[PDB]
$ cat model39.cif   # mmCIF, C-alpha atoms
data_structure
loop_
_atom_site.group_PDB
_atom_site.id
_atom_site.type_symbol
_atom_site.label_atom_id
_atom_site.label_comp_id
_atom_site.auth_asym_id
_atom_site.auth_seq_id
_atom_site.Cartn_x
_atom_site.Cartn_y
_atom_site.Cartn_z
ATOM 1 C CA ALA A 2 -39.234 -82.573 68.550
ATOM 2 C CA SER A 3 -40.504 -81.701 72.057
ATOM 3 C CA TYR A 4 -38.497 -82.851 75.089
ATOM 4 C CA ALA A 5 -41.206 -85.527 75.625
ATOM 5 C CA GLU A 6 -40.825 -86.816 72.093
ATOM 6 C CA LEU A 7 -37.036 -86.908 72.384
ATOM 7 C CA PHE A 8 -37.120 -88.688 75.757
ATOM 8 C CA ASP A 9 -39.525 -91.262 74.288
ATOM 9 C CA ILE A 10 -37.119 -92.313 71.488
ATOM 10 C CA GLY A 11 -34.141 -92.127 73.855
ATOM 11 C CA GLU A 12 -32.775 -95.509 74.900
ATOM 12 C CA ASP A 13 -32.452 -96.710 78.467
ATOM 13 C CA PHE A 14 -28.955 -97.192 79.894
ATOM 14 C CA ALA A 15 -28.991 -100.994 79.658
ATOM 15 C CA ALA A 16 -29.862 -100.804 75.911
ATOM 16 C CA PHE A 17 -27.389 -97.964 75.297
ATOM 17 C CA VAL A 18 -24.606 -100.052 76.917
ATOM 18 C CA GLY A 19 -25.690 -103.205 75.034
ATOM 19 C CA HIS A 20 -24.994 -101.511 71.673
ATOM 20 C CA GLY A 21 -21.404 -100.683 72.622
ATOM 21 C CA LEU A 22 -18.206 -102.459 71.656
ATOM 22 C CA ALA A 23 -16.999 -105.132 74.071
ATOM 23 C CA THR A 24 -14.160 -102.733 75.075
ATOM 24 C CA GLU A 25 -16.566 -99.872 75.848
ATOM 25 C CA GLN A 26 -18.928 -102.089 77.855
ATOM 26 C CA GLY A 27 -15.859 -103.047 79.892
ATOM 27 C CA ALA A 28 -15.039 -99.400 80.573
ATOM 28 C CA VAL A 29 -18.609 -98.824 81.853
ATOM 29 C CA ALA A 30 -18.379 -102.030 83.922
ATOM 30 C CA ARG A 31 -15.214 -100.629 85.508
ATOM 31 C CA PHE A 32 -16.761 -97.329 86.603
ATOM 32 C CA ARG A 33 -19.856 -99.170 87.846
ATOM 33 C CA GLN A 34 -17.737 -101.501 90.045
ATOM 34 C CA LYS A 35 -16.022 -98.480 91.659
ATOM 35 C CA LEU A 36 -19.396 -97.100 92.782
ATOM 36 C CA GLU A 37 -20.668 -100.554 93.778
ATOM 37 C CA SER A 38 -17.581 -101.107 95.997
ATOM 38 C CA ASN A 39 -16.845 -97.610 97.319
ATOM 39 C CA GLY A 40 -20.417 -96.341 97.485
ATOM 40 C CA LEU A 41 -21.164 -92.652 97.981
ATOM 41 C CA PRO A 42 -20.754 -90.169 100.833
ATOM 42 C CA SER A 43 -23.582 -90.144 103.353
ATOM 43 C CA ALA A 44 -24.392 -86.472 102.733
ATOM 44 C CA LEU A 45 -24.884 -87.212 98.985
ATOM 45 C CA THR A 46 -26.748 -90.474 99.625
ATOM 46 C CA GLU A 47 -29.188 -88.551 101.838
ATOM 47 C CA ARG A 48 -29.820 -85.913 99.151
ATOM 48 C CA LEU A 49 -30.567 -88.740 96.702
ATOM 49 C CA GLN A 50 -33.025 -90.473 99.053
ATOM 50 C CA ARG A 51 -34.938 -87.212 99.621
ATOM 51 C CA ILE A 52 -35.806 -86.897 95.889
ATOM 52 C CA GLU A 53 -39.540 -87.720 96.072
ATOM 53 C CA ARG A 54 -40.758 -86.297 92.717
ATOM 54 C CA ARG A 55 -40.159 -87.812 89.256
ATOM 55 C CA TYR A 56 -37.367 -86.306 87.162
ATOM 56 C CA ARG A 57 -36.405 -87.147 83.601
ATOM 57 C CA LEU A 58 -32.852 -86.873 82.355
ATOM 58 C CA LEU A 59 -32.667 -86.486 78.541
ATOM 59 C CA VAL A 60 -29.121 -87.384 77.570
ATOM 60 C CA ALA A 61 -27.182 -86.987 74.366
ATOM 61 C CA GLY A 62 -24.339 -89.483 74.452
ATOM 62 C CA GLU A 63 -22.416 -92.244 72.665
ATOM 63 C CA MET A 64 -20.743 -95.385 74.032
ATOM 64 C CA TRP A 65 -17.322 -94.624 72.520
ATOM 65 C CA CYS A 66 -17.010 -91.371 74.467
ATOM 66 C CA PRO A 67 -14.928 -91.676 77.683
ATOM 67 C CA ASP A 68 -16.888 -88.869 79.348
ATOM 68 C CA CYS A 69 -20.173 -90.682 78.637
ATOM 69 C CA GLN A 70 -18.785 -93.961 79.930
ATOM 70 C CA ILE A 71 -17.676 -92.181 83.148
ATOM 71 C CA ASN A 72 -20.573 -89.847 83.930
ATOM 72 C CA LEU A 73 -23.474 -92.008 82.718
ATOM 73 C CA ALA A 74 -22.223 -94.999 84.703
ATOM 74 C CA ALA A 75 -22.540 -92.677 87.694
ATOM 75 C CA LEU A 76 -25.994 -91.319 86.862
ATOM 76 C CA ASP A 77 -27.238 -94.853 86.125
ATOM 77 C CA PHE A 78 -26.042 -95.898 89.614
ATOM 78 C CA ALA A 79 -28.022 -92.986 91.079
ATOM 79 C CA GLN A 80 -31.137 -93.895 89.063
ATOM 80 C CA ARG A 81 -30.969 -97.592 90.047
ATOM 81 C CA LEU A 82 -30.709 -96.532 93.680
ATOM 82 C CA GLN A 83 -33.338 -93.787 93.213
ATOM 83 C CA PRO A 84 -35.879 -94.836 90.530
ATOM 84 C CA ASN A 85 -37.671 -91.474 90.714
ATOM 85 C CA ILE A 86 -34.868 -90.510 88.324
ATOM 86 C CA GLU A 87 -34.885 -91.880 84.761
ATOM 87 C CA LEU A 88 -32.385 -91.451 81.902
ATOM 88 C CA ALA A 89 -33.176 -91.734 78.193
ATOM 89 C CA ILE A 90 -30.235 -91.435 75.774
ATOM 90 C CA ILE A 91 -30.311 -90.007 72.215
ATOM 91 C CA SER A 92 -27.367 -89.577 69.822
ATOM 92 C CA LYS A 93 -24.859 -86.728 69.595
ATOM 93 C CA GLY A 94 -25.948 -86.315 65.950
ATOM 94 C CA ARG A 95 -29.624 -85.887 66.943
ATOM 95 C CA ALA A 96 -28.618 -83.343 69.575
ATOM 96 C CA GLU A 97 -26.631 -81.455 66.894
ATOM 97 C CA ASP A 98 -29.697 -81.459 64.674
ATOM 98 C CA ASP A 99 -32.509 -80.621 67.103
ATOM 99 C CA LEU A 100 -31.221 -79.322 70.459
ATOM 100 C CA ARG A 101 -28.589 -76.736 69.409
ATOM 101 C CA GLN A 102 -30.930 -73.805 68.735
ATOM 102 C CA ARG A 103 -33.216 -74.049 71.773
ATOM 103 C CA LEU A 104 -30.203 -74.560 74.084
ATOM 104 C CA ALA A 105 -28.189 -71.832 72.331
ATOM 105 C CA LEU A 106 -25.192 -74.111 71.653
ATOM 106 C CA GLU A 107 -22.899 -73.839 68.632
ATOM 107 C CA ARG A 108 -21.525 -77.354 69.215
ATOM 108 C CA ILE A 109 -22.649 -80.372 71.251
ATOM 109 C CA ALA A 110 -20.165 -81.620 73.859
ATOM 110 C CA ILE A 111 -21.267 -85.034 75.186
ATOM 111 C CA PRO A 112 -22.616 -86.130 77.489
ATOM 112 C CA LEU A 113 -25.255 -83.434 77.416
ATOM 113 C CA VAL A 114 -27.642 -84.223 80.243
ATOM 114 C CA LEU A 115 -30.809 -82.131 80.365
ATOM 115 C CA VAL A 116 -32.618 -82.259 83.678
ATOM 116 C CA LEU A 117 -36.388 -82.019 83.293
ATOM 117 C CA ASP A 118 -39.325 -82.313 85.704
ATOM 118 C CA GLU A 119 -42.459 -84.429 85.202
ATOM 119 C CA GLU A 120 -44.133 -81.894 82.873
ATOM 120 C CA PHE A 121 -40.864 -81.818 80.834
ATOM 121 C CA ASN A 122 -39.830 -78.296 81.874
ATOM 122 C CA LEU A 123 -36.050 -77.762 81.614
ATOM 123 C CA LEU A 124 -34.544 -77.263 85.070
ATOM 124 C CA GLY A 125 -30.910 -77.073 83.956
ATOM 125 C CA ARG A 126 -28.085 -79.054 82.426
ATOM 126 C CA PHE A 127 -24.794 -80.903 82.962
ATOM 127 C CA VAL A 128 -22.370 -80.649 80.060
ATOM 128 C CA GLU A 129 -19.497 -83.020 79.349
ATOM 129 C CA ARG A 130 -18.016 -83.017 82.882
ATOM 130 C CA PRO A 131 -18.710 -82.213 86.532
ATOM 131 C CA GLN A 132 -18.257 -78.540 87.406
ATOM 132 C CA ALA A 133 -15.450 -79.322 89.899
ATOM 133 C CA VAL A 134 -13.601 -81.005 87.001
ATOM 134 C CA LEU A 135 -14.363 -78.155 84.556
ATOM 135 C CA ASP A 136 -12.943 -75.713 87.175
ATOM 136 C CA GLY A 137 -9.790 -77.786 87.580
ATOM 137 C CA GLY A 138 -6.584 -78.322 85.685
ATOM 138 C CA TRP A 139 -4.641 -81.302 84.413
ATOM 139 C CA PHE A 140 -4.676 -82.919 87.864
ATOM 140 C CA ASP A 141 -8.432 -82.967 88.374
ATOM 141 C CA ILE A 142 -9.172 -84.050 84.797
ATOM 142 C CA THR A 143 -6.696 -86.903 85.278
ATOM 143 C CA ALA A 144 -8.297 -88.185 88.532
ATOM 144 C CA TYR A 145 -11.664 -87.778 86.779
ATOM 145 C CA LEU A 146 -10.598 -89.954 83.811
ATOM 146 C CA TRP A 147 -9.553 -92.507 86.417
ATOM 147 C CA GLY A 148 -13.072 -92.336 87.899
ATOM 148 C CA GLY A 149 -12.326 -90.267 91.021
ATOM 149 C CA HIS A 150 -15.151 -87.770 90.423
ATOM 150 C CA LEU A 151 -18.040 -90.149 89.730
ATOM 151 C CA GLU A 152 -19.919 -88.808 92.725
ATOM 152 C CA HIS A 153 -19.650 -85.261 91.317
ATOM 153 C CA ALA A 154 -21.862 -86.062 88.261
ATOM 154 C CA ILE A 155 -24.588 -87.220 90.636
ATOM 155 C CA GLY A 156 -24.113 -84.227 92.958
ATOM 156 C CA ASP A 157 -24.310 -81.766 90.042
ATOM 157 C CA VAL A 158 -27.578 -83.289 88.826
ATOM 158 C CA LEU A 159 -29.119 -83.302 92.323
ATOM 159 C CA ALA A 160 -28.003 -79.682 92.662
ATOM 160 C CA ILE A 161 -30.078 -78.757 89.575
ATOM 161 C CA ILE A 162 -33.144 -80.619 90.884
ATOM 162 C CA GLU A 163 -32.641 -78.992 94.292
ATOM 163 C CA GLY A 164 -32.125 -75.570 92.682
ATOM 164 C CA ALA A 165 -35.659 -75.805 91.211
ATOM 165 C CA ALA A 166 -39.177 -75.482 92.662
ATOM 166 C CA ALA B 2 -12.729 -101.249 65.902
ATOM 167 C CA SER B 3 -12.451 -103.597 62.889
ATOM 168 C CA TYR B 4 -15.160 -103.494 60.207
ATOM 169 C CA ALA B 5 -16.466 -106.800 61.673
ATOM 170 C CA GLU B 6 -16.720 -105.321 65.141
ATOM 171 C CA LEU B 7 -18.487 -102.216 63.842
ATOM 172 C CA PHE B 8 -20.950 -104.231 61.738
ATOM 173 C CA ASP B 9 -21.721 -106.389 64.791
ATOM 174 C CA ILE B 10 -22.837 -103.417 66.948
ATOM 175 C CA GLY B 11 -24.619 -101.820 63.985
ATOM 176 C CA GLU B 12 -28.404 -102.041 64.144
ATOM 177 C CA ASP B 13 -30.597 -103.627 61.510
ATOM 178 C CA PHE B 14 -32.901 -101.368 59.488
ATOM 179 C CA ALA B 15 -36.085 -102.363 61.329
ATOM 180 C CA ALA B 16 -34.476 -101.454 64.708
ATOM 181 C CA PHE B 17 -32.906 -98.271 63.308
ATOM 182 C CA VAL B 18 -36.344 -97.158 62.014
ATOM 183 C CA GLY B 19 -38.053 -98.166 65.290
ATOM 184 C CA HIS B 20 -35.926 -95.654 67.243
ATOM 185 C CA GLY B 21 -37.007 -92.744 65.044
ATOM 186 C CA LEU B 22 -39.609 -90.081 65.712
ATOM 187 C CA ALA B 23 -43.110 -90.827 64.441
ATOM 188 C CA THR B 24 -42.539 -88.145 61.738
ATOM 189 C CA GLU B 25 -39.286 -89.742 60.542
ATOM 190 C CA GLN B 26 -40.767 -93.251 60.451
ATOM 191 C CA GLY B 27 -43.474 -91.756 58.234
ATOM 192 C CA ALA B 28 -40.884 -90.322 55.853
ATOM 193 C CA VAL B 29 -39.246 -93.775 55.535
ATOM 194 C CA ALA B 30 -42.693 -95.362 55.070
ATOM 195 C CA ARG B 31 -43.284 -92.929 52.201
ATOM 196 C CA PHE B 32 -40.109 -93.803 50.295
ATOM 197 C CA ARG B 33 -40.738 -97.509 50.907
ATOM 198 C CA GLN B 34 -44.270 -97.283 49.413
ATOM 199 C CA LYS B 35 -42.864 -95.655 46.243
ATOM 200 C CA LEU B 36 -40.572 -98.648 45.660
ATOM 201 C CA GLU B 37 -43.288 -101.135 46.651
ATOM 202 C CA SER B 38 -45.707 -99.588 44.099
ATOM 203 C CA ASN B 39 -43.394 -98.542 41.258
ATOM 204 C CA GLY B 40 -40.840 -101.326 41.599
ATOM 205 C CA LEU B 41 -37.497 -101.148 39.809
ATOM 206 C CA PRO B 42 -36.357 -101.321 36.184
ATOM 207 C CA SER B 43 -35.863 -104.823 34.828
ATOM 208 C CA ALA B 44 -32.187 -104.225 34.019
ATOM 209 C CA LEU B 45 -31.537 -103.250 37.689
ATOM 210 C CA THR B 46 -33.735 -106.040 39.073
ATOM 211 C CA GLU B 47 -31.686 -108.545 37.055
ATOM 212 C CA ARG B 48 -28.379 -107.198 38.409
ATOM 213 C CA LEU B 49 -29.788 -107.584 41.933
ATOM 214 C CA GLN B 50 -30.912 -111.188 41.367
ATOM 215 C CA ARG B 51 -27.464 -112.161 40.034
ATOM 216 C CA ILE B 52 -25.753 -111.221 43.346
ATOM 217 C CA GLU B 53 -24.932 -114.737 44.615
ATOM 218 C CA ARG B 54 -22.230 -113.949 47.230
ATOM 219 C CA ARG B 55 -22.791 -112.376 50.671
ATOM 220 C CA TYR B 56 -22.077 -108.659 51.018
ATOM 221 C CA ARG B 57 -22.183 -106.544 54.153
ATOM 222 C CA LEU B 58 -23.093 -102.880 54.082
ATOM 223 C CA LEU B 59 -21.743 -100.981 57.131
ATOM 224 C CA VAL B 60 -23.736 -97.769 57.327
ATOM 225 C CA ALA B 61 -23.295 -94.620 59.346
ATOM 226 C CA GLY B 62 -26.667 -92.913 59.524
ATOM 227 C CA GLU B 63 -29.340 -91.269 61.684
ATOM 228 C CA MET B 64 -33.140 -91.297 61.377
ATOM 229 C CA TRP B 65 -33.499 -87.497 61.364
ATOM 230 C CA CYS B 66 -31.396 -87.152 58.213
ATOM 231 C CA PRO B 67 -33.464 -86.825 54.989
ATOM 232 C CA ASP B 68 -30.701 -88.437 52.924
ATOM 233 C CA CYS B 69 -30.664 -91.462 55.254
ATOM 234 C CA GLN B 70 -34.440 -91.741 55.151
ATOM 235 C CA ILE B 71 -34.305 -91.668 51.313
ATOM 236 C CA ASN B 72 -31.299 -93.838 50.477
ATOM 237 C CA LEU B 73 -31.579 -96.417 53.274
ATOM 238 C CA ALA B 74 -35.248 -97.030 52.495
ATOM 239 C CA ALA B 75 -33.979 -97.933 49.029
ATOM 240 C CA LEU B 76 -31.111 -100.163 50.153
ATOM 241 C CA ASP B 77 -33.410 -101.907 52.655
ATOM 242 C CA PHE B 78 -35.817 -102.665 49.770
ATOM 243 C CA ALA B 79 -32.898 -104.179 47.837
ATOM 244 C CA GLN B 80 -31.780 -106.246 50.848
ATOM 245 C CA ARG B 81 -35.310 -107.558 51.540
ATOM 246 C CA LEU B 82 -35.555 -108.594 47.898
ATOM 247 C CA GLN B 83 -31.949 -109.884 47.879
ATOM 248 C CA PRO B 84 -31.003 -111.212 51.357
ATOM 249 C CA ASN B 85 -27.409 -111.889 50.275
ATOM 250 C CA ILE B 86 -27.081 -108.187 51.105
ATOM 251 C CA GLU B 87 -27.226 -107.059 54.749
ATOM 252 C CA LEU B 88 -27.094 -103.567 56.296
ATOM 253 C CA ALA B 89 -25.937 -102.738 59.823
ATOM 254 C CA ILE B 90 -26.229 -99.092 60.922
ATOM 255 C CA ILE B 91 -23.947 -97.233 63.381
ATOM 256 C CA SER B 92 -24.136 -93.559 64.401
ATOM 257 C CA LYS B 93 -22.685 -90.509 62.655
ATOM 258 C CA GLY B 94 -20.821 -89.768 65.914
ATOM 259 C CA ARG B 95 -19.182 -93.232 65.936
ATOM 260 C CA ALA B 96 -18.180 -92.782 62.303
ATOM 261 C CA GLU B 97 -16.628 -89.399 63.220
ATOM 262 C CA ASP B 98 -14.695 -91.083 66.006
ATOM 263 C CA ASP B 99 -13.483 -94.304 64.374
ATOM 264 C CA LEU B 100 -13.877 -94.271 60.572
ATOM 265 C CA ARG B 101 -12.468 -90.836 59.608
ATOM 266 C CA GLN B 102 -8.764 -91.738 59.603
ATOM 267 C CA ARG B 103 -8.879 -95.071 57.762
ATOM 268 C CA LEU B 104 -11.258 -93.616 55.135
ATOM 269 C CA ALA B 105 -9.262 -90.370 54.890
ATOM 270 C CA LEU B 106 -12.295 -88.144 55.585
ATOM 271 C CA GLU B 107 -12.164 -84.804 57.398
ATOM 272 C CA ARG B 108 -15.933 -84.857 58.008
ATOM 273 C CA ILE B 109 -18.635 -87.539 57.879
ATOM 274 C CA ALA B 110 -21.508 -86.871 55.465
ATOM 275 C CA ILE B 111 -24.357 -89.343 56.107
ATOM 276 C CA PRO B 112 -25.389 -91.794 54.991
ATOM 277 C CA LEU B 113 -21.935 -93.275 54.657
ATOM 278 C CA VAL B 114 -22.414 -96.758 53.259
ATOM 279 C CA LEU B 115 -19.312 -98.946 53.169
ATOM 280 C CA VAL B 116 -19.608 -101.954 50.905
ATOM 281 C CA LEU B 117 -17.696 -104.962 52.216
ATOM 282 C CA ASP B 118 -17.398 -108.600 51.121
ATOM 283 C CA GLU B 119 -17.745 -111.670 53.357
ATOM 284 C CA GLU B 120 -14.190 -111.401 54.749
ATOM 285 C CA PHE B 121 -14.922 -107.698 55.523
ATOM 286 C CA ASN B 122 -12.632 -106.268 52.827
ATOM 287 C CA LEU B 123 -13.699 -102.760 51.734
ATOM 288 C CA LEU B 124 -14.900 -102.806 48.127
ATOM 289 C CA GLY B 125 -15.955 -99.153 47.956
ATOM 290 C CA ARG B 126 -18.414 -96.626 49.303
ATOM 291 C CA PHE B 127 -21.549 -94.546 48.690
ATOM 292 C CA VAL B 128 -21.523 -91.149 50.370
ATOM 293 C CA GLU B 129 -24.571 -89.040 51.169
ATOM 294 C CA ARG B 130 -26.212 -89.280 47.715
ATOM 295 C CA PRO B 131 -26.276 -91.214 44.443
ATOM 296 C CA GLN B 132 -23.563 -90.170 41.991
ATOM 297 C CA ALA B 133 -26.139 -89.045 39.384
ATOM 298 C CA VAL B 134 -27.535 -86.687 42.056
ATOM 299 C CA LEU B 135 -24.061 -85.496 43.149
ATOM 300 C CA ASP B 136 -23.317 -84.714 39.452
ATOM 301 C CA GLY B 137 -26.549 -82.759 39.086
ATOM 302 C CA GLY B 138 -27.822 -79.343 40.018
ATOM 303 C CA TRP B 139 -30.839 -77.964 41.825
ATOM 304 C CA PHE B 140 -33.205 -79.924 39.571
ATOM 305 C CA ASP B 141 -31.804 -83.383 40.234
ATOM 306 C CA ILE B 142 -31.393 -82.791 43.975
ATOM 307 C CA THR B 143 -35.030 -81.668 44.073
ATOM 308 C CA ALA B 144 -36.389 -84.796 42.293
ATOM 309 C CA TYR B 145 -34.111 -86.825 44.589
ATOM 310 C CA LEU B 146 -35.579 -85.246 47.758
ATOM 311 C CA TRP B 147 -38.964 -86.180 46.318
ATOM 312 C CA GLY B 148 -37.753 -89.790 45.986
ATOM 313 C CA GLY B 149 -37.188 -89.907 42.211
ATOM 314 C CA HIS B 150 -33.675 -91.378 42.466
ATOM 315 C CA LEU B 151 -34.297 -94.230 44.908
ATOM 316 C CA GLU B 152 -33.211 -96.752 42.308
ATOM 317 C CA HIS B 153 -29.872 -94.924 41.919
ATOM 318 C CA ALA B 154 -28.746 -95.740 45.515
ATOM 319 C CA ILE B 155 -29.270 -99.423 44.760
ATOM 320 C CA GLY B 156 -27.566 -99.171 41.353
ATOM 321 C CA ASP B 157 -24.530 -97.403 42.854
ATOM 322 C CA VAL B 158 -24.106 -100.117 45.487
ATOM 323 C CA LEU B 159 -24.470 -102.941 42.940
ATOM 324 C CA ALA B 160 -21.929 -101.114 40.779
ATOM 325 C CA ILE B 161 -19.370 -101.316 43.624
ATOM 326 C CA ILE B 162 -20.048 -105.032 44.181
ATOM 327 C CA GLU B 163 -19.843 -105.604 40.420
ATOM 328 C CA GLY B 164 -16.658 -103.512 40.185
ATOM 329 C CA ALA B 165 -14.941 -105.985 42.562
ATOM 330 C CA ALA B 166 -13.592 -109.539 42.192
#
$ encode --input "model39.cif" --output "structure tokens"
Amino acid sequence: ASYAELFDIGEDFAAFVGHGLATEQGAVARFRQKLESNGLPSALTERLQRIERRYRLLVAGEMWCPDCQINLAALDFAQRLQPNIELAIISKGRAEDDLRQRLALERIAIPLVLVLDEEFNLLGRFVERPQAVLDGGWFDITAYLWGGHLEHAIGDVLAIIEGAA
Amino acid sequence: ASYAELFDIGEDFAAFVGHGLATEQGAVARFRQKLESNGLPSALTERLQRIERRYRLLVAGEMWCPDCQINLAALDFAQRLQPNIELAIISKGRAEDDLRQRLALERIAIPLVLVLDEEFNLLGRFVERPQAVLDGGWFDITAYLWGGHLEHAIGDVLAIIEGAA
């Protein structure tokens, strides 16, 4: 299926979360509250506000995955603040079946977030975790699992949008 | 999660089908029409009508899978004819994450259909294909992919219900 066809059958975040176990919806609620209370740095907030074109994020994720709970709570926050961004979420299994060849991936690590423009051209991708976490060791991964890198998922995605033209 | 918790977040067949690509919904429509036109043997139809207790089928499946398209179209038919049976469908990924240990499976072949009673006790399972297809060769698998074993998915499931007490 084309990226447009996949984004069409993808679910929105509210629906995605609504299909999760009570425990998993509570994990997402926890990461959401951290952003709602702490907010975001002003430099990042400014970069978000300056996004004036429409971007589509095609995600492969699942509500039982801790990395999806973490990073998608973040990207939902961003999208609710900046509705020029929109997420649609398909399954890991569907990504394994239809996205592995074109993306040149042997396996699908979730969340896989594909950043597309309005004509569904692929601008880049975020895979599993923020790059500052993927460059780190035990310490960074641990703070991340605690929700201390939520702003990095947003920053990474903005970076891909910014990196394009 | 318990089998009750998993069946609760499972989607019904109509919803499951509604999230599929137009092409995949057409495949399901095709297998449905074959049952709607041809029907079922009278011996099988009788065994279906005699199911007087409530049974819950917890399925792991995905709309892009040909085996799920085939066998779940069949089991939906059965359930619409015999509403003492009810399907709820969760993802392959969630089955990989939460059902592999308790079922003693190294991998999840879909559809995985777990047959449970009303107190969510596991009576048995159907895995990927009907047993008469799994015992066959190229010829049987080919007729199966063409939809010539739809009645066997139903029969297998009734057999598990019948095999219990």
$ residues_around --input "model39.cif" --residues "residue 126 of chain B" --least-positions-apart "5" --cutoff "6 Å" --atoms "all atoms listed in the file" --output "PyMOL selection string"
chain B and resi 114-116
$ write_last_selection --input "model39.cif" --atoms "C-alpha atoms" --output "short mmCIF file (atom, residue, chain, number, x, y, z; two decimals), in the coordinates of the input"
data_model
loop_
_atom_site.label_atom_id
_atom_site.label_comp_id
_atom_site.auth_asym_id
_atom_site.auth_seq_id
_atom_site.Cartn_x
_atom_site.Cartn_y
_atom_site.Cartn_z
CA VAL B 114 -22.41 -96.76 53.26
CA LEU B 115 -19.31 -98.95 53.17
CA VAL B 116 -19.61 -101.95 50.90
#
$ interface_residues --input "model39.cif" --of "chain A" --to "chain B" --cutoff "8 Å" --atoms "all atoms listed in the file" --output "list in words"
residues 6, 7, 10, 11, 20, 21, 22, 63, 65, 92, 93, 94, 95 and 98 of chain A
$ atom_distance --input "model39.cif" --atom1 "atom CA of residue 157 of chain B" --atom2 "atom CA of residue 45 of chain B"
10.5 Å
$ atom_distance --input "model39.cif" --atom1 "atom CA of residue 35 of chain A" --atom2 "atom CA of residue 162 of chain A"
24.8 Å
$ atom_distance --input "model39.cif" --atom1 "atom CA of residue 135 of chain B" --atom2 "atom CA of residue 87 of chain B"
24.7 Å
$ resolve_selection --input "model39.cif" --expression "the PyMOL selection byres ((chain B and resi 138-148) around 10)" --output "list in words"
residues 31, 32, 33, 35, 36, 67, 68, 70, 71, 72, 75, 130, 131, 133, 134, 135, 136, 137, 149, 150, 151, 152 and 153 of chain B
$ resolve_selection --input "model39.cif" --expression "the PyMOL selection byres ((chain B and resi 161) around 12)" --output "PyMOL selection string"
chain B and resi 48+52+56+58+114-118+123-127+154-160+162-166
$ closest_residue --input "model39.cif" --among "A:30, A:5, A:106, A:41" --to "residue 59 of chain A" --atoms "all atoms listed in the file"
A:5
$ axis_aligned_box --input "model39.cif" --around "segment 96-113 of chain B" --padding-each-side "5 Å" --output "JSON"
{"center_x": -17.1, "center_y": -89.9, "center_z": 60.3, "size_x": 26.6, "size_y": 20.3, "size_z": 21.3}
$ resolve_selection --input "model39.cif" --expression "the PyMOL selection byres ((chain A and resi 112) around 6)" --output "ChimeraX atom specification"
/A:61-62,69,111,113,129
$ write_last_selection --input "model39.cif" --atoms "C-alpha atoms" --output "CSV table (one decimal), in the coordinates of the input"
chain,number,residue,atom,x,y,z
A,61,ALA,CA,-27.2,-87.0,74.4
A,62,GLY,CA,-24.3,-89.5,74.5
A,69,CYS,CA,-20.2,-90.7,78.6
A,111,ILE,CA,-21.3,-85.0,75.2
A,113,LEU,CA,-25.3,-83.4,77.4
A,129,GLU,CA,-19.5,-83.0,79.3
$ closest_residue --input "model39.cif" --among "B:51, B:108, B:101, B:57" --to "residue 8 of chain B" --atoms "only C-alpha atoms"
B:57
$ closest_residue --input "model39.cif" --among "B:17, B:3, B:47, B:132" --to "residue 73 of chain B" --atoms "all atoms listed in the file"
B:17
